[PDB]
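This text opens with one protein chain seen in two forms, each one given by itself as structure tokens under the names structure 1 and structure 2.
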Structure 1
């Protein structure tokens, strides 16, 4: 019984207390980490002991086996050495050999005083002259299988990190990705800021909460767009923010209501500048992690074959309106709001037995046509969908040569959006929504020509760590109790 094992250990904790031994001592003076231990002593010869060097080392006992030789696994920082407790090397003054090492269970945190060496079998080991209990583990830890089907991976992420080596590697990579992005932006002149997480006016339903001092209801931000643009007016010409945004909608495998975004604004940047930034960032980010531009991705899970994703630039550019016509052998033109055009779009959706969006707005229909007919055109390499109609992007600047369109771009990997960008509409007389109030007033003080860009960091982490669910890249995903 896990229940009964917990009570035995808890009684042991009192038992130790009433023998005068504190099972939770204050401080152990460590000399060296486990990863530093492995590097420093990996190339010794087999069976060799460095008996003069005395080290203080800590770690988590992860495996216990045995009659006067005791073997443990000691793990720290995702790496592992062996503990070889020899009765001959023990300091019999500190207590009975057997009594000390019989109390120890898998999962215990211990401090060890000892010397480094390799086994006769060549396993690099610490040879304890003394071993102190530093913090007991009171439950039975599980082994790997316990954490494959269940969702305690998500409710008890600390157990996952201890048991599954890959989980650590996933979450190191996530941190490496964000470091690379921050460094990539800082090296190019960009300036990182923080804008508010609550605002008075907030596409998506907001999180709402009551602010007790102002006696007002506030909204968690759904993006960082408006405050960053104001900083462009203010003269910070390259500005960005990495932080959480919130959309109070349904969960699925690539949608978490709270997620991590990077948005930047680049004054005097145009469409080519933005395309170039996107190809440089992804191609260099992949190479930095993997030493190659090609990665394998299990688009349909580990039970199915992976596809290969090639991040070698340049990436294809697919114009959305033109492409929908070609694959559908249709012609969609004029006001796309034209009921005529709408009907062509609506009849395409029913002929191919697709869901009709409610309401059947021209922007919603075009999006639906793109997810079915364009968004899975390539899967072997990322690509852009470009030049969306103005009705789908009311904040975007008009395309320079094609009427009705914008210079917008969207990057896709395996049919999922990861990057969104366009040049900004800066003539206040043509921004329809200026019939948020602060942004319109700021526009009248002069916004230079500007490009904005946003990245979805969780999804980017999913592809580069071969995950299909967003919960596998968020440390503590929010679940019902």
Structure 2
């Protein structure tokens, strides 16, 4: 019952073994079949059918120990997410290698073993390996949580291996996460896009609005910023003639941690020459509907927005998705005209007064771009929760790198897609006129590259961790990152 006592006893057991000549951590084991291959090959045997002439070397982790007398031992063996039974019968044991009871009394839950034996099914129909010999390969010195015991704690996020061993759902979640990225990489590659890597470290951190991380470069004797986005170097590659380009990799933002914000997270940003806003809308609807159907065989999924203790909701990913113009909707909802320029003193005061009258938290500093973001969050960002939708046509002052709207003054051809009130996608027609970049006349290198001619371009960015959360029914981003950022305890 005392985990400390269990550990010291197991430590003494390990030393007891090796001063008896037996190496409890042997060098190699010539495994011949894996547990998933074993299940695939022998799922068809009848109950009680033994294949005694087929000798297999199989490895796994013991997860359950029981017996029926000293001459019959039963175990669960797991590997690669799959499970078989171990049925050790005294009469099938290779007695030359050692005493049968001595061999199997040592096995504890969590032990990694290598088994030489034959496949079969028991009379109870459970597929089993029937050992002639089992060898300890790596002992589990600790009492593994007793199943359904890691259910909720910080041990899952720190000792993630325990989480993957005990909780069957977690492995499926991270398998789904890799299937998302594989689908996204295949989706883009099928359409001619070219994957690249751009520096994790730059003298500026552009391409988004976020506080960066600062680190020191010893060789260059210079302070660099961890990238907050891949946007600027990617658009420079468009200038270089890589007309379809993208990058899936980590970005860093040094701000508040919560259930949808992790200091480092995975983004996909692609840039698509000679495409525009309308292509990006079509791309987003094509990708999400195809991705959801790929994983589920349907466009409708369940998501526990208000936790697992409340009824879920249905998110329907059947395209098209609704589009809402941010300034128009805010003006309609608040019955107030936001007069241009949006960053005028009057309009800033008018936006604050709306925020004051509705008791919406005033952002710091109350800049026009942030005030508009707060009004959008409070008034439109939770309009649709049964389906995803786009907030579109953001003002130029919120979109410094987006092309000016081709018919609506003061706006851009920008789109953000939201699922259950969370942004997962940001895209727009790319501003390619160097003289219209207010920051030009901010990277000197990027602004200069614009002067060599950036073709009309559409670009898009994705939040992969947030996408994985909805597609795996998780309310916290820590549950889709293998080792989330954590305080030291």
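Residue numbers count along the first chain shown, from 1. Superpose the two forms; the largest set of C-alphas matching within 1.5 Å is the rigid core.
After superposition on the rigid core, the single residue among 344, 188, 294, 94 whose C-alpha moves by 2 Å or more between the two structures is 344.
Superposed on the rigid core, the forms differ at residue 334: its CA is offset by 2.8 Å between the two structures. Once the two forms are overlaid on the core, residue 405 shows a Cα shift of 1.1 Å between the two structures.
Here residue 130 exhibits a Cα shift of 0.5 Å between the two structures, evaluated on the superposed rigid core.
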